[PDB]
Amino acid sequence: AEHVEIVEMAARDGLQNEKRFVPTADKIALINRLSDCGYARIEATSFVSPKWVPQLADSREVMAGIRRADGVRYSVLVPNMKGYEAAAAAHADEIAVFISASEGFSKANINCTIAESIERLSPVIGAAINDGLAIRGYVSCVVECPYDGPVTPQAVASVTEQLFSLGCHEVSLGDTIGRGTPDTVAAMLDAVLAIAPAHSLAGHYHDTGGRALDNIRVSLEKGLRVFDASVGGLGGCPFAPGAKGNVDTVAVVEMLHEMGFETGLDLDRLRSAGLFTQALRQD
């Protein structure tokens, strides 16, 4: 059977998109359960300014309290060189950088232009490659931006091509506001597939509009075999409060299996993990 991998987002992307601070011990307990689910990669935390995202200010303690299943790679998001150092100190297995395909979102989230965010990221990616660490890149607003509206496939393919050229081994195309449909997503992938193999692409679709599972099917048909999701849908959407955020990891694997795809994940463990996160999602 054909294999499909999922990178868990609950620990970083999920908790980041929650209007509350989860106790460090709870974050650690949450990551330890995920580690027994069968994931190959888990994004444990982020070393980004505690003032811009206090939810993960305990990124250092987390990496230290977590247990290393040794067969699992624990990655962390890195905003700059200062972050890379902390990630290297925290013994991160892999690194992850982020940029936006939308100019308006970039100078509103990273506070700089797309081209400038790429330049500054040039050295951090270089430092990582030097230390033998794997680096994945995130691209936001691959379909639509809450600021500039629709984003052309070409814009997404441009920044995606520059991330790989810098060194990234994989790029996650994220539908930031979950406004993507099978059509827009398909037109985006086509552009990206023209300058990069499906093998190095990961799909990151929010279910905010209830189309995440549909956008994933299209990606599968296009060749993508990696997708990002949150075990219990952790991390909503700021532009759509209360609304569904990340695609639920459970929903994705249950569909994938029905399609004959093997994920290598334990559904039971996964459901149990989701229930856990829900104990912090609602309150």
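Sequential numbering from 1, following the sequence displayed.
For the two regions 243 to 251 and 38 to 46, the entry's Cα B-factors average higher over 243 to 251. As listed in the deposited structure, the average C-alpha B-factor of 144 to 152 and of 105 to 113 is greater for 105 to 113. Between the residues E258, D26, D228, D58, the entry's highest C-alpha temperature factor is the one at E258. Across the residues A69, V62, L224, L30, the deposited record lists the maximum Cα B factor for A69.
Ranked within its chain, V159 lands in the lowest third, by CA B factor from the PDB record. Among the modelled residues of its chain, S165 has a C-alpha B-factor that falls in the lowest third according to the deposited record. When the modelled residues of the chain are ordered by C-alpha B-factor, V7 sits in the lowest third.
In this PDB entry, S100 carries a Cα temperature factor that places it within the lowest third of its chain's modelled residues.
In the deposited entry, the Cα temperature factor of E94 sits in the middle third of values across the chain's modelled residues.
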